[PDB]
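**Q** Quick one: the structure is below, and I'll ask about it shortly.
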Amino acid sequence: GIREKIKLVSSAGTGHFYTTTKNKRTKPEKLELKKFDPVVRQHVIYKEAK
Amino acid sequence: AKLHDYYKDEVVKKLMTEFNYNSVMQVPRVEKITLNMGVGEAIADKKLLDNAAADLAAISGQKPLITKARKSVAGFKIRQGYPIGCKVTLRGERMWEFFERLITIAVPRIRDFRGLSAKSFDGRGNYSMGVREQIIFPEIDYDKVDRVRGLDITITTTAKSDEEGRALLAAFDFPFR
Amino acid sequence: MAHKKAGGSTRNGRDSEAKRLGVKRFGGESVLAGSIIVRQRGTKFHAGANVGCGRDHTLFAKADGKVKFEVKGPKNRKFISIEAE
Amino acid sequence: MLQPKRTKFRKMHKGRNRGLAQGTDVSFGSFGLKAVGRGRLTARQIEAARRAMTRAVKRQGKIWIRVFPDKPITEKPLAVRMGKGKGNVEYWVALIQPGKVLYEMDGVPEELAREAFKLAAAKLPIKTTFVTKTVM
Amino acid sequence: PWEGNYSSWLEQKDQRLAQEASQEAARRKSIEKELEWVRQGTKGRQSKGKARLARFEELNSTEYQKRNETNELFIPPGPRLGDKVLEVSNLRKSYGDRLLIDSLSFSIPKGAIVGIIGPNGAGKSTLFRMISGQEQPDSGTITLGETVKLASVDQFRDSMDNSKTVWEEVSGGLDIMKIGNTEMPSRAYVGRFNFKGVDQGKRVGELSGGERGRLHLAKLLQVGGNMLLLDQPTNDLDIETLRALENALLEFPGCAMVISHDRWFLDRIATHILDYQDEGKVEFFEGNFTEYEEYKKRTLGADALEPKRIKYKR
RNA sequence: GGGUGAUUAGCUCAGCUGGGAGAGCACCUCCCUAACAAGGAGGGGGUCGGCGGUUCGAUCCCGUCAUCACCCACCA
RNA sequence: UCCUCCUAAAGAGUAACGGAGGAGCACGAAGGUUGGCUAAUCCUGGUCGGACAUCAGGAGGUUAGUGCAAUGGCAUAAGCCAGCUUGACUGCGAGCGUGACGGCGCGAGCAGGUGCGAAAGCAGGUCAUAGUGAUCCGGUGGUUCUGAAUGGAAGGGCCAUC
RNA sequence: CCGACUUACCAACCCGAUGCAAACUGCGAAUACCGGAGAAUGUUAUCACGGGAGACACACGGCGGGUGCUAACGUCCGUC
Ligand SMILES: Nc1ncnc2c1ncn2[C@@H]1O[C@H](COP(=O)(O)OP(=O)(O)OP(=O)(O)O)[C@@H](O)[C@H]1O
Ligand SMILES: [Mg+2]
Ligand SMILES: [Mg+2]
Ligand SMILES: [Mg+2]
Ligand SMILES: [Mg+2]
Ligand SMILES: [Mg+2]
Ligand SMILES: [Mg+2]
């Protein structure tokens, strides 16, 4: 149980987030993926947050 | 090449009559040279493997592929994937150039050299040899080396017998015993 | 008479719930598209014509028709197809 | 005392002993001791009949034991209730069905192997018969 | 929080740690006693009791031990050192029009620790550059004995890959580490520098400043040189790691040259003082700081006021 | 009959979810002494109970059996 | 509590203080694709180098491997390597399987956007089956849906999540 | 050192014979189960929905087994 829970917050400016887990020890660099944003209906960048 | 046409005349004419071959496709030819050097001690530090690869690339005009341990052996204190040796495959023109520049100016430089074993054939016509000392090649200038890391040659040919491999390799003036 | 009774223990005794695997619609049965045919663990049966394979390797009908079983192929494997009947 | 070394599973289901035997011929020696009856032959009885046969023919002759126990028989401790798991293995038996050739001899006369088998069969819990080799 | 000075705070800290150690020892005692009670039978049809079980289960807790470095700083012994170690003759270096070293000559006897002191940018690090051979002096004549093997520790840590883990950065990934003659397990060697647990997994960038200095020393002492060129080795270290390093430096067969600005740390180990002054003169003095000060008092000058304390505002 | 713990040098015992494996006294040599003791210098020791097992490592982790040490055998 | 095998009697299911083992995770690659590739073990020759390191050719043919138990499966590989990547998408969903229900699982296809591929195509996590906790109460973000005279607001609801 | 010579041999590797296995299978029934068609027979016997329940201590016998001692008017399943 070392994979803490993180949410990838959309960079489109809306408050939308996917939620996932991450090994905060072996992967200190913040996650960054291009996922779909149903609010704007465009694949945009999601960046890790708390 | 320098020795390619030499072979294609003398050795082909010899082996067409020696074994009553019906075709020039039947007389064996050498297909590659494999220069191996299993450093073994690079488990201590990668610097040794890098140095050995440098020496191998100096000796043979090709970058050496770094070979990693295939399976973990607890006896030798290594595990799967440890970079443990260097290896060069020489084919064609570079093959023949290295073959000539070996059998001309590298075997004579072997300390206390009196002949290479003639019975050291694997049974498939391929030959193997150890040098115990890399300095025997002219490319090592003694002013940038650190150790006496030995080297291994494997002459892989298409012969189907030890007699065939010996017959093919003697025509090049191989300093056997 | 503090000797009559005796006892012990055991280390096993646990199992898992059964997964109800096996053929659901047998050969010659007429099915609708999407109906599960076999619930497998590996690929005991392979997908043939007009049938598909899920992530569980469940074999489902991709069209509507009769189930068929075959042992075609170079490895003598059982295939489940569907004929549009 | 015959017993497997390094068995796969410690304990075994009781099972049922039906059917006729498979090794129903004298295949190594010249005479054999066929098992007419049915039952289980424990390792102690295997040895006791073996010791009887060797003494009856002294040093001479060769003897084959065609049956091996390989079957664990668990026994609960004395004066213990029911349940609380399965009992621990105490001995190994070989399941015997009619026709099973148990022992066979060679290199001794028939009149002597007839007597040697009669002495060993007195140690076994099943009916046996003296059987000889055939030409098939 | 604490109101007081450093020594009074230190006293308070020792008292706090002693009380914590005593309470932890009492906790161990009570836990062992209650475990002995738990490991008994019921004795009849009577209680035993679940309240005491719950009390023991909650008593079995975790306490945080101090991750105190202390004396484990491992300086590996280098090759045997002959009597001729280092010699400079009339060394001189200048940059543009400002000159840092002018006609400096000195020899380093074996076994010596050389405290190099002086103001900022006086040439302390450039001297190490010349000795290590990365800079070429104007007046030349820097020499080392043929037995000398050099191991150098820089003033700046900007050479480690912040991505790699502690164990990977120190050891390079090889499970066995070569240090001179003897092969050493990499994990054991890294743990010799206080990374004695799952601290091997931490990233270089995620490490702290003091841990960065410790990892720097661990990575740069593995070469096994019998001459050490340490440039400000106690930068981010605390008093505990500082004392550990001082002890390790004392138990060194080879010789070392240490540049530092901690007068006390330099005084506790230095056997030869190499002190920079104005107009690019590097006074060399064989002896420790006590006898250096005594020599200055023996041949001194009459004044005591260095600063001016100019200002900021207006 | 059910349960728990321990096993580390000749002895008594420490020992990190890894890292030749350590301490006292015992043993070896040499000093000291008429000679021993005591004292001082140097030195060596090991089945980590045993086949077993997830493991980058099994002493400490991994079912087990071997032994000795306990504990419980109540209403009956 | 959950997963694997046997008991379990060739559909499913099937008990015991029956016989054996495991789980309470891991992985932004160990996921997606597009290319490529094929093991274990042994024999022969070869410098330190041997019982076993790397090399060469011969047998062999998956006895190998799979992130972790066991079972089933895997060559078109599901195994191993590399480039580009985020489909570990959002709304749904014909039809099924399995449950007493709560629930759980499989799923073609549709719409919107996307990755890889020249394309056909594949991709809604991982070879599959364990890796888990109803509701209440409360927290965080979004949404004028509501807003106790009215306009706000508080508090609610809805969505995502702790 | 190269080991130079002894097994009235412990002994898996290959071959020839011969067994055993709930958790072995290069094989493999009878039955049972699933689906379709065809009659004859059966007061619809079938399914769905709705009103009302009771019951959820079972017993023995046959057959297939676990456990037990191939004990028990023992115990636990499957089927009649
Ligand atoms: N390439 C250069 N060109 C010009 N000046 C330089 C160059 N390199 C260094 N200097 C200057 O020369 C002086 C030498 O300083 P150096 O880096 O050697 O250490 P130091 O000042 O003695 O010590 P510290 O690092 O402790 O401050 C400094 O003033 C520095 O700024
Ligand atoms: Mg969160
Ligand atoms: Mg492919
Ligand atoms: Mg789409
Ligand atoms: Mg495209
Ligand atoms: Mg509101
Ligand atoms: Mg009943």
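Virtual Cβ from ideal backbone geometry, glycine too; neighbours counted across all protein chains shown. No lab work stands behind these numbers, since they all come straight from the coordinates.
**Q** In nm, to one decimal, how far is the residue B:14 label point from the residue E:208 one, both placed 7 Å along Cα→Cβ?
**A** Roughly 7.7 nm, to one decimal.
**Q** Using the beta-carbon distance between residue D:122 and residue D:65 and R0 = 22 Å, what value does 1/(1 + (r/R0)^6) give for FRET efficiency, to the nearest 0.05?
**A** So, using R0 = 22 Å, E works out to roughly 0.80.
**Q** While we're here: Run the numbers on chain C and let me know its relative contact order in percent, using alpha-carbon pairs under 8 Å that are six or more apart. The partial results should precede the final answer.
**A** Details: 163 pairs, mean separation 21.9, N = 85.
This gives 26 percent for chain C.
**Q** Let me ask another. Could you work out the per residue convex hull volume over the alpha carbons of the stretch E:184-247, in cubic angstrom?
**A** Roughly 100 Å³ of hull volume per residue.
**Q** Once the Cβ-Cβ distance between residue E:271 and residue E:183 is put in as r, and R0 is 30 Å, what FRET efficiency do you end up with, to the nearest 0.05?
**A** Numbers: r = 32 Å, r/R0 = 1.08.
Given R0 = 30 Å and the Cβ-Cβ separation, E is 0.40.
**Q** Can you return the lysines within cross-link range of residue D:100? Criterion is Cα-Cα under 16 Å, with same-chain partners fewer than 8 residues away left out.
**A** In chain and number order, the partners are D:34, D:127, D:133.
**Q** So, one more: What does the convex hull of the alpha-carbon atoms of the stretch E:143-290 project to on average, in nm²?
**A** Average of the hull's projected areas for the stretch E:143-290 equals 10.2 nm².
**Q** Round to the nearest 10 and give me the degree value, 0 to 90, for the angle of helix D:110-121's Cα axis relative to the longest principal axis of chain D.
**A** It works out to around 20 degrees.
**Q** I'd like the Kirkwood hydrodynamic radius of chain E, using the inverse of the mean 1/r over distinct C-alpha pairs, in Å.
**A** It is 23.4 Å.
**Q** Also, I was wondering about something else. When N counts the residues of chain C, how does its alpha-carbon radius of gyration compare numerically with 2.2 N^0.38 Å, as a ratio?
**A** 1.83
**Q** Tell me the angle of helix E:289-298 to the major Cα principal axis of chain E, expressed in degrees between 0 and 90 and rounded to the nearest ten.
**A** So the helix axis and the longest Cα principal axis differ by about 40 degrees.
**Q** Over the Cα atoms of the stretch D:79-136, what Rg and Dmax result, in angstrom?
**A** 18.1, 56
**Q** Can you compute the radius of gyration and Dmax for the stretch D:21-136, using only the Cα atoms, both in Å?
**A** 16.3, 56
**Q** Output the antiparallel fraction of DSSP beta bridges having both residues in chain E, as a percent to the nearest 5.
**A** 55
**Q** In Å, what Kirkwood hydrodynamic radius results for the stretch D:2-62 from the alpha-carbon pair distances?
**A** Details: mean 1/r = 0.0675 Å⁻¹.
For the stretch D:2-62, inverting the mean 1/r across all distinct Cα pairs yields 14.8 Å.
**Q** With a Förster radius of 41 Å, plug the Cβ-Cβ distance of residue C:57 and residue C:84 into 1/(1 + (r/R0)^6) and report the FRET value to the nearest 0.05.
**A** 0.95
**Q** Most exposed first by the Cβ proxy, i.e. fewest other Cβ within 10 Å, how do B:153, D:46, E:131 rank?
**A** B:153, E:131, D:46
**Q** Along the Cα→Cβ direction, 7 angstrom out, place labels at residue E:146 and residue E:305. What is the inter-label distance in nm?
**A** Here the modelled spin labels are 5.9 nm apart.
**Q** Expressed as cubic angstrom per residue, what is the convex hull volume of the alpha carbon set of the stretch E:116-167? Numbers along the way, then the final one.
**A** Numbers: hull volume 7.3 nm³, N = 52.
Once divided by residue count, the hull of the stretch E:116-167 is 140 Å³.
**Q** Can you pull the mean other chain C-beta count within 10 Å for peptide E:178-185?
**A** 2
**Q** Based on the Cα coordinates of chain A, what is the per residue volume of their convex hull in Å³?
**A** Working: hull volume 3.2 nm³, N = 50.
Value for chain A: 63 Å³ per residue.
**Q** Going 7 Å from the Cα of residue E:90 in the Cα-to-Cβ direction, what parts of the stretch E:101-117 have a backbone nitrogen less than 20 Å from that spot?
**A** E:101-108
**Q** For chain B, evaluate the Debye formula with one uniform point scatterer on each Cα (no solvent term) and list log10 I(q)/I(0) at q = 0.09, 0.10, 0.15, 0.20 Å⁻¹, rounded to two decimals.
**A** Here the Debye-derived log intensity ratios amount to -0.36, -0.44, -0.91, -1.36.
**Q** Shifting gears a bit: In whole angstrom, note down how far apart the Cα centers of the stretch E:98-171 and the stretch E:23-55 are.
**A** Computed from Cα coordinates, the inter-centre distance equals 62 Å.
**Q** Translational D (Stokes-Einstein, µm²/s) of the stretch E:242-314 at 25 °C and 0.890 mPa s when Rh comes from the Kirkwood sum over C-alpha pairs? Don't skip to the end; give the middle numbers.
**A** On the way: Rh = 14.9 Å.
Diffusion coefficient, whole number: 164 µm²/s.
**Q** Between residue B:70 and residue A:7, what is the label-to-label distance in nm when each label sits 7 Å out along the Cα-to-Cβ direction?
**A** For the pair residue B:70/residue A:7, the computed spacing is 5.3 nm.
**Q** Against the globular-protein guess of 2.2 N^0.38 Å, express the Cα radius of gyration of the protein assembly as shown as a ratio, rounded to two decimals.
**A** 1.56
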